[PDB]
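Encoded as structure tokens, the structure appears first; notes follow it.
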Amino acid sequence: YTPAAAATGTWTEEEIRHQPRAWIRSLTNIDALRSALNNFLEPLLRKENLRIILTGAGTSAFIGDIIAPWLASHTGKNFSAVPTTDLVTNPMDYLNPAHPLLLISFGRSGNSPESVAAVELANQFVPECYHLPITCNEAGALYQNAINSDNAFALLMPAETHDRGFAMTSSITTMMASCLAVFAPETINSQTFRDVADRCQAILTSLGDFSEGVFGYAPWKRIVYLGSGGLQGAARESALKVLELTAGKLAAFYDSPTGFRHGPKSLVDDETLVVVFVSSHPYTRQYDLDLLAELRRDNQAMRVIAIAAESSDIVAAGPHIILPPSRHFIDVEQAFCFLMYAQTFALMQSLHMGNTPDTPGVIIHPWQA
Amino acid sequence: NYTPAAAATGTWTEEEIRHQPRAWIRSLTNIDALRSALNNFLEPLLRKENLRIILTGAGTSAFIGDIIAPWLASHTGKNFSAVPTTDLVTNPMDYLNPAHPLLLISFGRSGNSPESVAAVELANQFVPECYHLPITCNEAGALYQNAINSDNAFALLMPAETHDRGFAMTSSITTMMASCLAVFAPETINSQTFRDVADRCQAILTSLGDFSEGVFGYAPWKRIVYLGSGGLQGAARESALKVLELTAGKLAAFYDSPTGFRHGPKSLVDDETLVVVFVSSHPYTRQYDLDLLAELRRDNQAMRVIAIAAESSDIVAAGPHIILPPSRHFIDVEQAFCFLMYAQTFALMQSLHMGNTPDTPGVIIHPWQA
């Protein structure tokens, strides 16, 4: 997984390119920590009333949006996603004193004040409270606070994932892969996830030096990413990347294909790029493809791009990207592949407009006065 | 009682906005009449420790659960959550848990949205012990009719005037929302207490006169962002969608929470952007809203920053602002109704101002069994 040279000279490009290698590094770390993790988590997961909340701010909030439903379904446990920004402003709406809680806290720096504030609020509100921070900065407040507790097991990501770029890349993907591997090791582990790393390395290789812009370049003023279920979380992250790296010059939006029909589709104009992240689950994929057919037929957008594992007549009919050949991926695995395109697209839009992509607040109030 | 002023735009949307306070009290007084039937249906369900309660709808109807599910969860201590029908239909396996009983609260104006009916069928297919409470505006719709035809269901019909003729839902959404709150939290939200909300929203509408001033005005903004904390983010989302719908996309619209806004999305603020902040009435929560407002005011980069709040303060008064009519203290789910009055009427007048016709400004269902 050796990265090619970062010809743009940005940290962001380096951080995109070092992702496949970072992912496998993280999962081999989890293998080394597996007994310790099981000894911490197994007694918790045996509590039938356990709530597990995945929490982060900004990009870190989207990890939960992508994986929490899959984890709930897969494990049969009570996994949900609540951003740290909602926990901090409205703790009473989300923290239930009547059940035990395991709070999975994500942080690239670990220094957003909301990260430690949410942990403290959880401890205040929930009598039987446990923590698994997953973080990229050993020196961060979030990790430092956790080592200073006995209800916490903090998991450090590989050092290179402490992204220096303003926009998170390897931090989000590595934390997401790590969370998946912690709770679903039978499915996502240091062996199976090599297929995901290999395919994402192939995606990056397929894009060469990135100079052709991934989706190209055009005077679009609006971008919309669409994905079903948890892939909507990937669409949200993809939109935020565009927005951050273009300093808001390109307006960005996200939705699910089916949700998009209920009003939001009015945003599509002849200066709009629409990108569809097509599900690999055939039942779900039908809905993605029906919407793709509609968007192609509508003739409103500047460009409609389908990104899919499988080529089909509607996918191939207009602008499209077929993922490199691989085994069947489930949608949480596909999320990594889609993000490779969205990250690289956003980087190159930023550069093309002459921006500096690496460089393109909150006061915590106590619950008790 | 709550008699609307004349709808001088000649639009169904204006008529539907103005008849909201009256419709709310009509619905809650109906619930009073149905209370003992409701209680007979619901009390045995709510006694089930492991019950999941899902609030579901599409589009605007999805945002009801976004506004009220967390409050309902915390207020009642029951397992309330919101999942849009659009997610239930595409990814049922990710949301419908066969191991627990389910009560599905289905919102639908027509009751005929293919996704509404599909979500009901999928919930029945996936969840062995499944119950339904559709809240709907159409007596002849599938949601209502299927429910009354089955023993696992109890359907609640909204007042007839709330079957909105306008493309953009107004009285349908607010009346369904008030009804849902009244069903599950009648000790707090009821045909008595909610009269203060209807009264205040009637005062808001009166304060806007014939609406010709356009509410926030007619400046040449190109982007609008609504911000609200917690469940008010759902109100912000509905507010954004109304603008987008009624202007046929011409005004780009965004939503977020005040604290969420700092982590990237703030980059969207430019000198053609209007930012509207729905300030919490909760004394903890509002501190965060006001710190963010202060930051946006200090930045001075938006075309306009408008705070809407129950109480003025230096921060709120240091730029464009609207203070709500005087009333008793409202909780945030009550406030949502007040904020929506401004958002709906703003969107309607933006639409008309640009020469659009606001009243008039699809999905295939596939079987889970292939």
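Residue numbers start from 1 in every chain, and the chains themselves are labelled A, B, ... in the order their sequence lines are given, proteins ahead of strands. As a basis for the values below, the full set of heavy atoms in this structure was taken, side chains included, without hydrogen atoms, waters or symmetry mates.
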- Query: Which atoms of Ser112(A) come close to chain B, meaning under 4.5 Å heavy atom to heavy atom: side chain ones, backbone ones, both, or neither?
  - Reply: side chain

- Part of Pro366(A) within contact of chain B (heavy atom distance under 4.5 Å): backbone

- In terms of heavy-atom proximity below 4.5 Å to chain B, should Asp269(A) be classed as side chain, backbone, both, or neither? neither

- Contact part of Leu95(A) toward chain B, heavy-atom cut-off under 4.5 Å: side chain, backbone, both or neither? neither

- Query: chain B heavy atoms under 4.5 Å from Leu240(A): which part of the residue, side chain, backbone, both or neither?
  - Reply: side chain

- Query: Most heavy-atom pairs under 4.5 angstrom with chain B, which of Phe166(A), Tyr94(A), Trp70(A)?
  - Reply: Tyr94(A)

- Query: Side chain, backbone, both or neither: which part of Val268(A) has a non-hydrogen atom closer than 4.5 Å to chain B?
  - Reply: neither

- Is there side-chain contact between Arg261(A) and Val363(B), with heavy atoms separated by less than 4.5 Å? yes

- Which bit of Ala251(A) is near chain B, if near means a heavy-atom gap under 4.5 Å: side chain, backbone, both or neither? both

- Query: So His281(A) and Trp368(B), would you call those rings parallel, tilted or perpendicular, with 30° and 60° as cut-offs?
  - Reply: tilted

- Note on the structure: Cut-off 4.5 Å, heavy atoms of chain A, and the answer for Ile365(B) is both

- Region of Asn79(B) that comes under 4.5 Å of a non-hydrogen atom in chain A: side chain

- Item | Heavy-atom proximity to chain B below 4.5 Å, by part of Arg285(A) | neither

- Residue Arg51(A) versus chain B: region with a heavy atom under 4.5 Å: side chain

- Message: Heavy-atom cut-off 4.5 Å, strictly under: side chain, backbone, both or neither for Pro265(B) against chain A?
- Response: both

- Task: Identify which part of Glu294(A) has an atom lying under 4.5 Å from any heavy atom of chain B, answering side chain, backbone, both or neither.
- Result: side chain

- Do the two ring centres, one from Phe253(A) and one from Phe254(B), sit under 6.0 Å apart? yes

- Between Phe79(A) and chain B, which part of the residue has a heavy atom less than 4.5 Å away: side chain, backbone, both or neither? neither

- Checking heavy atoms, do the side chain of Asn49(A), its backbone, both or neither come under 4.5 Å from chain B? neither

- Item | No-hydrogen, no-angle side-chain donor-acceptor test under 3.5 Å, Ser280(A) and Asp331(A) | yes

- Step through the shown structure and confirm whether more than 12 heavy atoms of other residues, nucleotides or ligands are within 6.0 Å of NZ on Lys222(B). no

- Query: Under a 4.5 Å heavy-atom cut-off, does chain B meet the side chain of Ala252(A), its backbone, both or neither?
  - Reply: backbone

- Item | Contacting moiety of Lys249(A), where chain B heavy atoms sit under 4.5 Å | backbone

- Query: Where does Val83(B) contact chain A at under 4.5 Å (heavy atoms): side chain, backbone, both or neither?
  - Reply: neither

